[PDB]
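Undergrad: Okay, here's the structure, questions in a sec.
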Amino acid sequence: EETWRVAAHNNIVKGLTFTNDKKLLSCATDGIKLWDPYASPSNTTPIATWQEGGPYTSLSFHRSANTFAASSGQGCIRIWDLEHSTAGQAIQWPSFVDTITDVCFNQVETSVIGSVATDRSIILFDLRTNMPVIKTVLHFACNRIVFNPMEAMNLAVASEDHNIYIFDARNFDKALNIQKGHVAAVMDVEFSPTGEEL
Amino acid sequence: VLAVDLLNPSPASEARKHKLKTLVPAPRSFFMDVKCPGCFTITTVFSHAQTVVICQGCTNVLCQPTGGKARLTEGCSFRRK
Amino acid sequence: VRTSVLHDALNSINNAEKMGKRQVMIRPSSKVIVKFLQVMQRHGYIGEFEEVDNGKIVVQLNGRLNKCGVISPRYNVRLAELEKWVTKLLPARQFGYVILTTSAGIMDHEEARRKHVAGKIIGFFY
Amino acid sequence: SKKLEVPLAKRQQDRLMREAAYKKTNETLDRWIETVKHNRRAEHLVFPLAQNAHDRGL
Amino acid sequence: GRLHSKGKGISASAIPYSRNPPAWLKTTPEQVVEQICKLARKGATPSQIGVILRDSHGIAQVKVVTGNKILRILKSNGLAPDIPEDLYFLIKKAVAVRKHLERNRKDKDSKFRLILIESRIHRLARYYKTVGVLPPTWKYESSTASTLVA
Amino acid sequence: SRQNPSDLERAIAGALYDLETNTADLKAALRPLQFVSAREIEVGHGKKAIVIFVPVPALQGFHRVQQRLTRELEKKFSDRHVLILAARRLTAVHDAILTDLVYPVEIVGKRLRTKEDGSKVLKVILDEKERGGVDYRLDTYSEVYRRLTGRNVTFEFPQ
Amino acid sequence: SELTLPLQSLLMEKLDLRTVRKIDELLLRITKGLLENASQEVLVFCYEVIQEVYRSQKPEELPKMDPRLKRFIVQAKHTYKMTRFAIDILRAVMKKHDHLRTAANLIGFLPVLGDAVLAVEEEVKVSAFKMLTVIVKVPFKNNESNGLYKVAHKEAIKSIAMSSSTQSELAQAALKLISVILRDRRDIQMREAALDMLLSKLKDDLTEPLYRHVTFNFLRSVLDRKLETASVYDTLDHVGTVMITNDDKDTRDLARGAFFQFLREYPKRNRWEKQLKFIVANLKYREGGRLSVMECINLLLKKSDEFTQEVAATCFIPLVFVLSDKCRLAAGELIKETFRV
RNA sequence: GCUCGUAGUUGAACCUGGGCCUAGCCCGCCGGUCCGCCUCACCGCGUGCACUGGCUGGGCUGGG
Ligand SMILES: [Zn+2]
């Protein structure tokens with residue numbers, strides 16, 4: 001049986017993550033919310049909520065600190081630090097309109113954030129100097145970005161080309177590898193924590 | 001297939017689609033400028049002309065009509081806009 | 001010819017949801033179609049759509065919906081009739097929605113019970 | 001070179017600043033290139049890592 | 001789908017976007033209007049006018065350059081055909097077929113096509129009558145079609 | 001016409017007067033025009049962009065010549081984005097404002113893309129054959145269109 | 001008090017967020033109606049309203065920090081509107097009346113305005129910020145505000161750093177508080193990392209015309225007290241080009257004022273000679289830039305004696321090399337001032 | 001057997017001027033303090049990058 005359940009939102013739950021303390025966060029089109037699922041009384045009510053910043057799509061939590069980035073639908077990601085930030089800082093490509101679908105903190109190299117967007121594009125972000133970094137347009141839309149947990153520079157995009165592209169974040173000229181085996185579109189990709197499987 | 005960006009097809013797949021089946025339909029015909037070397041006259045011809053286009057006088061020709069593009073005649077120049 | 005361009009659009013949506021595609025090309029656009037997809041997008045059965053122009057609509061769908069339909073004679077309906085119409089059109093009262101062309105616009109039956117206005121039944125999805 | 005230049009367009013100024021950010025991020029991943037190289041060239045890899053242990057130097 | 005004979009046929013003339021510029025295809029709208037008026041005076045149908053413009057002058061559409069379409073412009077300057085072009089061509093075609101039938105009668109395919117053309121004329125004629133173009137009661141038989149000819 | 005001048009209306013009208021003589025050897029719409037209208041409201045931060053309103057047949061009279069006229073209006077006057085438009089007083093009017101905004105380049109399509117809630121974003125694409133000299137003017141186009149109409153649009157070349 | 005009794009009687013019960021925002025709009029307009037008007041009673045009335053809010057708040061439910069970052073966030077119960085309301089009444093009253101600006105009245109508000117700055121709601125934070133901007137200058141006879149202004153300084157810097165854009169109202173209110181602290185109170189020192197962060201955030205807000213005067217007020221506030229650091233030097237190297245290369249006079253004059261306060265204030269001969277090469281090169285330099293650099297030379301010759309001898313000696317000869325027509329008449333006035341000194 | 005055809009039936013999309021209040025800033029005007037000017041004096045004027053307050057003066061933007 002489940003440990004803790006709650007009727008969180010109205011619409012579907014698009015993104016969801018765990019904090020580094022014990023608490024969990026969830027996106028929707030409603031706006032993101034924070035719960036304490038491990039408490040000596042069970043509480044259904046959230047302990048923080050956030051609606052300003054457009055329709056959010058995904059979450060990604062930092063490896064060490066209490067920072068997390070939410071990918072919104074206004075073409076920006078916005079970065080909160082828990083316990084001393086309220087609205088967060090909205091980082092965006094300067095003239096960007098299409099929605100950012102997924103967001104993923106690099107767990108090895110902290111303060112490097114990857115994102116995909118429905119411009120069939122991947123975009124990077126440096127959190128240390130808060131600006132985007134590089135943007136490449138691929139041929140088909142990418143559903144999900146992910147990073148390698150043992151090699152800090154390699155990423156994988158699961159894309160509507162039925163395909164997985166393993167890229168190098170330093171040289172976006174060519175794909176390091178192209179996994180092609182599917183029939184319909186690829187919805188989710190995840191590296192193994194040993195970094196050698198997918 | 002299953003998911004694709006339908007508001008942003010590729011230009012190469014858009015370009016091989018028939019006329020009326022591009023995302024917003026549009027022509028694929030063009031206009032040309034034509035001079036004939038003895039004359040400093042600049043007649044502007046449509047690519048798929050049905051008229052035996054004649055320059056400003058001089059009972060010549062400039063093109064003949066076909067089933068598709070107008071066949072420009074002989075030695076003639078053409079910039080295309 | 002089906003003059004019901006809403007029915008042609010909804011037939012295309014049902015064909016894509018059966019065939020497992022991830023977008024469509026609704027070739028004749030309208031405004032009632034845009035309001036219909038606005039309600040479907042409020043209730044999350046369709047991801048994201050754009051109206052491009054020659055126009056047509058590109059509708060990113062999540063793969064969450066089962067059936068779209070139009071009620072072709074468009075019968076008028078009061079609230080006390082609306083409860084029985086909902087429980088006779090939908091498989092369950094908590095699954096799917098009935099679309100209404102009211103005096104307050106085009107909305108679902110829960111928004112109609114919120115805003116206390118009746119109207120004609122135009123379509124439904126679930 | 002203490003003389004100021006003309007202010008460029010906003011797109012070109014943004015492009016130069018983000019090129020500088022790309023060079024900084026490439027430096028902070030070139031600090032990882034050597035360990036990625038040794039992990040891909042080594043003969044036997046042992047997971048979990050020794051540096052991630054919750055009793056590392058005890 | 002192409003009315004009478006079976007066969008879809010997607011042969012259609014495309015119209016581009018931005019109903020304003022084609023800038024490098026110069027010439028003021030007034031000049032284009034005066035050329036159209038000259039063509040109308042010489043005695044040419046709006047479609048023939050459009051074809052002539054396509055052939056020679058720097059035009060895309062009159063509706064783009066000028067505020068109005070050709071037929072609309074002709075109507076404003078009172079230089080429009082008696083029977084709106086298409087209808088006139090159909091009645092000419094019907095007259096030609098009737099004259100062919102008179103020359104040789106047994107040709108049943110020609111008689112069938114005559115019937116088709118008459119039906120198409122009636123189809124056009126009803127809708128022209130509805131849009132207040134043509135005066136009420138419009139016969140399209142040999143008693144009146146022959147008198148019309150041109 | 002309609003105006004008694006502001007501080008910069010007489011300056012831009014003096015520029016239109018000074019382009020007659022002491023220069024080229026080109027004048028077709030320069031002598032049949034008077035003081036018309038102009039506006040000076042910011043674009044971005046730090047920079048501004050001058051717009052001038054034009055009588056409605058003089059828009060095609062200005063489509064006759066706009067190469068190097070706007071170049072000398074940019075260089076010789078104030079070093080800011082010069083922009084001509086018709087003056088008007090609904091959706092056809094805003095369509096006209098867009099297609100007279102983008103003067104060398106023909107717009108192709110409008111994509112009104114909604115989001116996963118009721119919010120919607122319009123985005124008008126341009127022509128691919130002219131890309132290099134317009135992209136630094138695109139935010140000025142978007143900001144002048146917002147300032148005149150109220151609808152946020154964003155300009156983008158198709159890729 | 002007949003106005004605020006039915007409000008309390010209503011919002012004591014359970015409530016939803018739309019009517020919460022309704023009561024917030026009502027209370028801010030009550031404060032605007034109050035700030036136009038028998039004043040010591042207004043002070044004790046504000047203090048009593050804040051005391052009733054502190055009685056009504058439950059002490060188990062306090063704001064807690066973020067689980068991921070260890071500080072407090074700047075952001076349905078809506079109790080904080082009464083605190084916003086009361087501090088806005090205090091803001092209007094202590095703005096308009098000088099005789100209430102006493103050291104003795106505000107010792108009741110020094111622990112009260114403490115939890116006003118530390119609150120996570122944006123409305124009460126900007127109310128507290130504008131309040132402390134009005135009440136910098138009170139001596140308090142024992143330096144009791146010398147902990148409150150440390151706390152307020154830390155939180156204003158934190159709020160600018162955590163705000164998504166400095167062009168928002170909360171970041172601008174915090175920037176006002178920081179600039180009035182740097183203009184008046186010499187007990188509070190600035191940290192170099194915080195000043196580097198602020199100037200790096202305000203590089204483009206210097207030339208943004210809507211917030212130009214506020215950011216240049218902050219820059220003159222930094223240039224008031226001596227702060228020799230690389231961030232201030234690197235941003236004044238940018239205000240140098242803002243002086244000449246910008247298009248309009250309203251930005252050119254503010255850049256002239258900032259660079260001029262820099263040259264009047266800051267204490268090598270190599271560096272000052274570099275400033276003179278820069279100013280002479282812009283003299284050679286477009287005509288609006290020539291006008292602005294000529295008026296900056298004029299300001300230097302006016303306000304400045306060895307430096308007068310040097311600036312006249314190096315400014316006179318390229319000026320007569322220059323000797324468009326307005327710049328020529330201005331250069332004539334400049335060399336007339338050179339002959340006059 | 002196919003085609004045309006009338007009563008009948010279904011019939012494309014596109015289509016919410018004026019004034020008042022309000023907040024923020026600017027430009028300008030006005031009263032006072034300080035300083036300066038001039039007037040024999042009375043007096044007035046300049047006077048907010050010296051200070052302070054007002055303006056149902058003008059301009060831009062947001063909200064009702
Ligand atoms: Zn010739």
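By order in the structure tokens, chains are A, B, ...; within a chain, residues start at 1; ligands start at 1, following the order shown.
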Which residues are near ligand 1 - at most 9 Å, using only C-alpha atoms (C1' of nucleotides) and all ligand atoms? Format: as a list in words.

TA: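 So, counting only C-alpha atoms (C1' of nucleotides) and all ligand atoms, the residues near ligand 1 are residues 35, 36, 37, 38, 39, 40, 41, 42, 43, 54, 55, 56, 57, 58, 59 and 60 of chain B.
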
Undergrad: Please identify all residues of chain G having at least one atom at most 10 Å from any atom of chain F, considering only C-alpha atoms, and return them as a PyMOL selection string.

TA: chain G and resi 204-212+242+246-248+251+286+288

Undergrad: From stretch 62-121 of chain F, collect each residue whose DSSP state is alpha helix (DSSP H) and return the set as an mmCIF file with N, CA and C atoms, in the first residue's frame.

TA:
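Result went into result04.cif, see below:
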```
data_model
loop_
_atom_site.group_PDB
_atom_site.id
_atom_site.type_symbol
_atom_site.label_atom_id
_atom_site.label_comp_id
_atom_site.auth_asym_id
_atom_site.auth_seq_id
_atom_site.Cartn_x
_atom_site.Cartn_y
_atom_site.Cartn_z
ATOM 1 N N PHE F 62 5.436 55.881 -50.802
ATOM 2 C CA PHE F 62 6.668 55.627 -50.075
ATOM 3 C C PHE F 62 7.212 54.232 -50.317
ATOM 4 N N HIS F 63 6.353 53.262 -50.636
ATOM 5 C CA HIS F 63 6.811 51.972 -51.141
ATOM 6 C C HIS F 63 7.540 52.094 -52.465
ATOM 7 N N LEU F 69 16.549 56.006 -48.252
ATOM 8 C CA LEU F 69 15.824 57.078 -47.583
ATOM 9 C C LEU F 69 15.842 56.864 -46.080
ATOM 10 N N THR F 70 15.474 55.662 -45.640
ATOM 11 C CA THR F 70 15.576 55.302 -44.235
ATOM 12 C C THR F 70 17.016 55.164 -43.767
ATOM 13 N N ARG F 71 17.959 54.857 -44.664
ATOM 14 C CA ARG F 71 19.372 54.862 -44.287
ATOM 15 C C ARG F 71 19.840 56.266 -43.933
ATOM 16 N N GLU F 72 19.538 57.250 -44.787
ATOM 17 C CA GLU F 72 19.903 58.623 -44.460
ATOM 18 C C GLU F 72 19.061 59.206 -43.331
ATOM 19 N N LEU F 73 17.833 58.726 -43.137
ATOM 20 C CA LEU F 73 17.043 59.138 -41.985
ATOM 21 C C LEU F 73 17.556 58.544 -40.680
ATOM 22 N N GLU F 74 18.207 57.385 -40.736
ATOM 23 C CA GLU F 74 18.878 56.819 -39.576
ATOM 24 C C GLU F 74 20.203 57.518 -39.304
ATOM 25 N N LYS F 75 21.017 57.712 -40.344
ATOM 26 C CA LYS F 75 22.352 58.272 -40.160
ATOM 27 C C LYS F 75 22.286 59.756 -39.819
ATOM 28 N N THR F 91 -9.658 44.288 -36.486
ATOM 29 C CA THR F 91 -8.620 43.291 -36.722
ATOM 30 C C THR F 91 -7.960 43.466 -38.087
ATOM 31 N N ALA F 92 -8.699 43.967 -39.080
ATOM 32 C CA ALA F 92 -8.092 44.350 -40.345
ATOM 33 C C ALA F 92 -7.167 45.548 -40.199
ATOM 34 N N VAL F 93 -7.484 46.470 -39.288
ATOM 35 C CA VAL F 93 -6.611 47.613 -39.038
ATOM 36 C C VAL F 93 -5.311 47.173 -38.377
ATOM 37 N N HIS F 94 -5.384 46.242 -37.422
ATOM 38 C CA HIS F 94 -4.164 45.738 -36.794
ATOM 39 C C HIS F 94 -3.334 44.883 -37.748
ATOM 40 N N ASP F 95 -3.992 44.118 -38.626
ATOM 41 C CA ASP F 95 -3.296 43.417 -39.700
ATOM 42 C C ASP F 95 -2.576 44.398 -40.621
ATOM 43 N N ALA F 96 -3.228 45.523 -40.927
ATOM 44 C CA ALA F 96 -2.607 46.555 -41.743
ATOM 45 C C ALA F 96 -1.414 47.181 -41.036
ATOM 46 N N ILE F 97 -1.512 47.357 -39.716
ATOM 47 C CA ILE F 97 -0.403 47.920 -38.945
ATOM 48 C C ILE F 97 0.809 46.997 -38.994
ATOM 49 N N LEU F 98 0.583 45.681 -38.906
ATOM 50 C CA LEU F 98 1.685 44.721 -39.033
ATOM 51 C C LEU F 98 2.323 44.751 -40.421
ATOM 52 N N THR F 99 1.498 44.678 -41.467
ATOM 53 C CA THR F 99 2.072 44.551 -42.799
ATOM 54 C C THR F 99 2.643 45.865 -43.313
ATOM 55 N N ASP F 100 2.300 46.998 -42.700
ATOM 56 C CA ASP F 100 3.009 48.236 -42.986
ATOM 57 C C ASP F 100 4.171 48.483 -42.039
ATOM 58 N N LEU F 101 4.222 47.783 -40.900
ATOM 59 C CA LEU F 101 5.428 47.786 -40.080
ATOM 60 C C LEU F 101 6.591 47.172 -40.833
#
```

Undergrad: May I have all residues of chain B that DSSP, computed from the backbone, assigns to strand (DSSP E), given as a list in words?

TA: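 Going through chain B, the strand (DSSP E) residues come out as residues 31, 32, 33, 34, 43, 44, 45, 46, 63, 64, 71 and 72 of chain B.
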
Undergrad: Find the residues in chain A near chain C: any atom within 12 Å counts, using only C-alpha atoms. Write them as a PyMOL selection string.

TA: chain A and resi 9-14+28-30+55+57+73+98-99+101+118+141+143+160+183-187

Undergrad: Choose the residue, out of F:104, F:109, F:150, F:158, that has the smallest atom-to-atom separation from chain C; count only C-alpha atoms.

TA: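 Ranked by minimum distance to chain C, first place goes to F:109.
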
Undergrad: Would you mind listing, as a ChimeraX atom specification, all residues of chain G that have at least one atom within 10 Å of chain H, where only C-alpha atoms (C1' of nucleotides) are what counts?

TA: /G:96,210-211,213,253-254,257

Undergrad: Name the residues in contact with stretch 225-238 of chain G at a cut-off of 7 Å, using only C-alpha atoms (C1' of nucleotides), excluding same-chain residues fewer than 5 positions from it; report them as a compact mmCIF listing (two decimals) with N, CA and C atoms, in the first residue's frame.

TA:
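Output file selection.txt follows:
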```
# COMPACT_ATOMS: atom_id res chain seq x y z
N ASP G 196 29.66 44.59 -5.59
CA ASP G 196 29.94 44.01 -6.90
C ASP G 196 28.68 43.43 -7.54
N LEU G 199 26.22 46.50 -8.54
CA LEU G 199 26.65 47.18 -9.76
C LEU G 199 26.56 46.31 -11.00
N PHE G 259 29.97 60.89 -13.13
CA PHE G 259 31.40 60.97 -13.42
C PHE G 259 32.07 62.19 -12.82
```

Undergrad: Using Å and a single decimal, report how far atom CA of residue A:15 sits from atom CA of residue A:65.

TA: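 Distance reported for this atom pair: 19.7 Å.
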
Undergrad: Give one line per residue of chain E that approaches chain F to at most 8 Å, naming the two atoms of the closest pair and their distance in Å to one decimal, counting only C-alpha atoms; sort by chain then ascending residue number and deliver it as a Markdown table.

TA:
```
| residue | atom | partner | partner_atom | distance |
| --- | --- | --- | --- | --- |
| E:17 | CA | F:108 | CA | 6.0 |
| E:18 | CA | F:106 | CA | 6.3 |
| E:20 | CA | F:99 | CA | 7.8 |
| E:21 | CA | F:106 | CA | 7.7 |
| E:23 | CA | F:63 | CA | 6.5 |
| E:26 | CA | F:64 | CA | 7.3 |
| E:28 | CA | F:60 | CA | 7.7 |
```

Undergrad: Write a file of the just-selected residues containing N, CA, C and O atoms, as a CSV table (one decimal), in the first residue's frame.

TA:
```csv
chain,number,residue,atom,x,y,z
E,17,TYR,N,0.3,35.1,-49.6
E,17,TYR,CA,0.0,35.9,-48.4
E,17,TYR,C,0.5,37.3,-48.6
E,17,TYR,O,1.1,37.7,-49.7
E,18,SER,N,0.2,38.2,-47.7
E,18,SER,CA,0.4,39.6,-47.7
E,18,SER,C,-0.2,40.3,-48.9
E,18,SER,O,0.3,40.5,-49.9
E,20,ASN,N,-0.9,43.1,-50.1
E,20,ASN,CA,-0.5,44.6,-50.2
E,20,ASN,C,0.7,44.9,-51.1
E,20,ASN,O,0.4,45.6,-52.1
E,21,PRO,N,1.9,44.4,-50.8
E,21,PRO,CA,3.1,45.0,-51.4
E,21,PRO,C,3.4,44.6,-52.9
E,21,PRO,O,3.2,45.4,-53.7
E,23,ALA,N,6.3,44.8,-54.0
E,23,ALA,CA,6.9,46.2,-54.2
E,23,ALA,C,7.7,46.4,-55.4
E,23,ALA,O,7.5,47.4,-56.1
E,26,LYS,N,6.5,47.3,-59.6
E,26,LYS,CA,6.0,48.7,-59.4
E,26,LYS,C,4.8,49.0,-60.3
E,26,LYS,O,4.2,48.1,-60.9
E,28,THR,N,1.8,52.5,-60.0
E,28,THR,CA,0.7,53.0,-59.2
E,28,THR,C,-0.6,52.3,-59.6
E,28,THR,O,-0.8,51.9,-60.7
```

Undergrad: How many Å lie between atom CA of residue G:22 and atom CA of residue A:25, rounded to one decimal?

TA: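 Separation between atom CA of residue G:22 and atom CA of residue A:25: 29.2 Å.
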
Undergrad: If you measure from atom CA of residue G:175 to atom CA of residue G:102, what distance in Å do you get, rounded to one decimal?

TA: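 So the two atoms, atom CA of residue G:175 and atom CA of residue G:102, lie 25.3 Å apart.
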
Undergrad: Within 9 Å of chain A, which residues belong to chain G? Use only C-alpha atoms and report them as a PyMOL selection string.

TA: chain G and resi 64-75+120-122+158-159+162-165

Undergrad: Given the selection you just returned, output its residues as a file containing N, CA, C and O atoms, formatted as a CSV table (one decimal), in the first residue's frame.

TA:
```
chain,number,residue,atom,x,y,z
G,64,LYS,N,8.7,29.8,8.1
G,64,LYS,CA,9.9,29.0,8.2
G,64,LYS,C,10.7,29.2,6.9
G,64,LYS,O,10.2,29.6,5.9
G,65,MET,N,12.0,28.7,7.0
G,65,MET,CA,12.9,29.0,5.9
G,65,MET,C,12.6,27.9,4.8
G,65,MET,O,11.8,27.0,4.9
G,66,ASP,N,13.3,28.1,3.7
G,66,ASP,CA,13.3,27.2,2.5
G,66,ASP,C,14.0,25.9,2.9
G,66,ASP,O,15.0,25.9,3.5
G,67,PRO,N,13.4,24.7,2.5
G,67,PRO,CA,14.2,23.5,2.8
G,67,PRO,C,15.4,23.3,1.9
G,67,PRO,O,16.3,22.6,2.3
G,68,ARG,N,15.6,24.0,0.8
G,68,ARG,CA,16.8,23.8,0.0
G,68,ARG,C,17.8,24.9,0.2
G,68,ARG,O,19.0,24.6,0.2
G,69,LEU,N,17.4,26.2,0.3
G,69,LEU,CA,18.4,27.2,0.6
G,69,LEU,C,18.1,27.7,2.1
G,69,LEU,O,16.9,27.7,2.5
G,70,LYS,N,19.1,28.1,2.8
G,70,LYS,CA,19.0,28.2,4.2
G,70,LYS,C,18.4,29.5,4.7
G,70,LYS,O,18.3,29.7,5.9
G,71,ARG,N,18.1,30.4,3.8
G,71,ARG,CA,17.5,31.7,4.2
G,71,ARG,C,16.0,31.7,3.9
G,71,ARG,O,15.4,30.7,3.6
G,72,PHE,N,15.4,32.9,4.1
G,72,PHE,CA,14.0,33.1,4.0
G,72,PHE,C,13.6,33.7,2.7
G,72,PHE,O,14.3,34.6,2.2
G,73,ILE,N,12.4,33.3,2.2
G,73,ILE,CA,12.0,33.6,0.9
G,73,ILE,C,11.1,34.9,0.9
G,73,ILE,O,10.4,35.1,1.9
G,74,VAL,N,11.2,35.7,-0.1
G,74,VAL,CA,10.3,36.8,-0.3
G,74,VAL,C,9.3,36.4,-1.3
G,74,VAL,O,9.6,36.0,-2.4
G,75,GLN,N,8.0,36.4,-0.9
G,75,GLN,CA,6.9,36.0,-1.7
G,75,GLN,C,6.2,37.1,-2.4
G,75,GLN,O,5.5,36.9,-3.4
G,120,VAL,N,7.7,37.8,5.2
G,120,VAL,CA,8.0,37.2,3.9
G,120,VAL,C,7.0,37.8,2.8
G,120,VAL,O,7.1,37.4,1.6
G,121,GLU,N,6.0,38.6,3.3
G,121,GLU,CA,5.1,39.2,2.3
G,121,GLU,C,5.7,40.4,1.7
G,121,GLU,O,6.3,41.3,2.4
G,122,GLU,N,5.5,40.5,0.4
G,122,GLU,CA,6.1,41.6,-0.4
G,122,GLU,C,5.5,43.0,0.0
G,122,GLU,O,6.2,44.0,0.0
G,158,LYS,N,19.6,41.2,0.3
G,158,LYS,CA,19.0,39.9,0.1
G,158,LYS,C,17.8,40.0,-0.9
G,158,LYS,O,17.7,39.1,-1.8
G,159,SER,N,17.0,40.9,-0.7
G,159,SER,CA,15.8,41.1,-1.5
G,159,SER,C,16.1,41.5,-3.0
G,159,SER,O,15.4,41.0,-3.9
G,162,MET,N,17.5,38.4,-4.5
G,162,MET,CA,16.6,37.3,-4.7
G,162,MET,C,15.4,37.7,-5.7
G,162,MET,O,14.7,36.8,-6.1
G,163,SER,N,15.3,39.0,-6.0
G,163,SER,CA,14.3,39.4,-6.9
G,163,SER,C,14.7,39.0,-8.3
G,163,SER,O,15.9,39.1,-8.7
G,164,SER,N,13.7,38.6,-9.2
G,164,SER,CA,14.0,38.2,-10.5
G,164,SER,C,14.5,39.3,-11.4
G,164,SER,O,15.4,39.1,-12.3
G,165,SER,N,13.9,40.5,-11.3
G,165,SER,CA,14.4,41.6,-12.0
G,165,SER,C,14.5,42.8,-11.0
G,165,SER,O,13.6,43.0,-10.2
```

Undergrad: Check every residue of chain B for an atom within 10 Å of chain A, counting only C-alpha atoms, and provide those that qualify as a list in words.

TA: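 So the contacting residues turn out to be residues 1, 2, 3, 4, 5, 7, 8, 9 and 10 of chain B.
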
Undergrad: Please produce a file of the residues just selected, as a compact mmCIF listing (two decimals), in the first residue's frame, where the atoms kept are N, CA and C atoms.

TA:
```
# COMPACT_ATOMS: atom_id res chain seq x y z
N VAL B 1 6.17 10.35 -36.17
CA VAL B 1 4.87 9.59 -36.10
C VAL B 1 4.56 9.35 -34.63
N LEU B 2 3.27 9.41 -34.24
CA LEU B 2 2.77 9.52 -32.87
C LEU B 2 2.90 10.91 -32.28
N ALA B 3 4.09 11.54 -32.26
CA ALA B 3 4.12 12.95 -31.97
C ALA B 3 5.09 13.62 -32.92
N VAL B 4 4.73 14.83 -33.37
CA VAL B 4 5.54 15.65 -34.22
C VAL B 4 5.05 17.07 -34.01
N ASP B 5 5.92 18.08 -34.23
CA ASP B 5 5.55 19.48 -34.25
C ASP B 5 4.87 19.78 -35.59
N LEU B 7 3.14 22.61 -36.21
CA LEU B 7 3.17 24.03 -36.51
C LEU B 7 4.51 24.41 -37.09
N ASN B 8 5.52 23.52 -36.98
CA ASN B 8 6.85 23.75 -37.48
C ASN B 8 7.33 22.52 -38.27
N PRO B 9 6.70 22.09 -39.38
CA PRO B 9 7.35 21.20 -40.36
C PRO B 9 8.73 21.69 -40.83
N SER B 10 9.60 20.78 -41.32
CA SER B 10 10.90 21.15 -41.86
C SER B 10 10.77 21.85 -43.21
```

Undergrad: Quick one: which residues from chain C are at most 10 Å off chain F, using only C-alpha atoms, as JSON, numbers by chain?

TA: {"C": [38, 39, 41, 42, 43, 44, 46, 47, 48, 49, 50, 51, 52, 53, 54, 55, 56, 57, 58, 59]}

Undergrad: For chain H, which of F:125, F:36, F:134, F:90 is the closest residue, counting only C-alpha atoms (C1' of nucleotides)?

TA: F:90

Undergrad: Neighbours of residue F:34 within 9 Å (only C-alpha atoms (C1' of nucleotides); same-chain residues fewer than 3 positions away dropped), as number ranges by chain?

TA: F: 1, 13, 16-17, 30-31

Undergrad: How close does chain A get to chain D? List, as a Markdown table, each residue of chain A within 9 Å, its nearest atom pair and the distance in Å to one decimal, counting only C-alpha atoms.

TA:
```
| residue | atom | partner | partner_atom | distance |
| --- | --- | --- | --- | --- |
| A:94 | CA | D:14 | CA | 8.1 |
| A:109 | CA | D:29 | CA | 7.4 |
| A:112 | CA | D:25 | CA | 8.0 |
| A:126 | CA | D:25 | CA | 7.1 |
| A:129 | CA | D:21 | CA | 7.2 |
| A:131 | CA | D:18 | CA | 7.2 |
| A:132 | CA | D:18 | CA | 6.7 |
| A:133 | CA | D:18 | CA | 5.2 |
| A:134 | CA | D:22 | CA | 7.0 |
| A:150 | CA | D:36 | CA | 7.5 |
| A:151 | CA | D:36 | CA | 5.6 |
| A:152 | CA | D:32 | CA | 6.7 |
| A:153 | CA | D:29 | CA | 6.4 |
| A:169 | CA | D:26 | CA | 8.3 |
| A:170 | CA | D:26 | CA | 5.9 |
| A:194 | CA | D:47 | CA | 6.9 |
```

Undergrad: Name all residues at most 7 Å from residue B:44 (count only C-alpha atoms (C1' of nucleotides); drop same-chain ones fewer than 4 positions away) and give them as a PyMOL selection string.

TA: (chain B and resi 31-34) or (chain E and resi 58)

Undergrad: Neighbouring residues of stretch 77-89 of chain C were defined as those with any atom within 6 Å, considering only C-alpha atoms (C1' of nucleotides); residues of the same chain fewer than 3 positions away were excluded. Please report them as a list in words.

TA: residues 93, 118, 119 and 120 of chain C
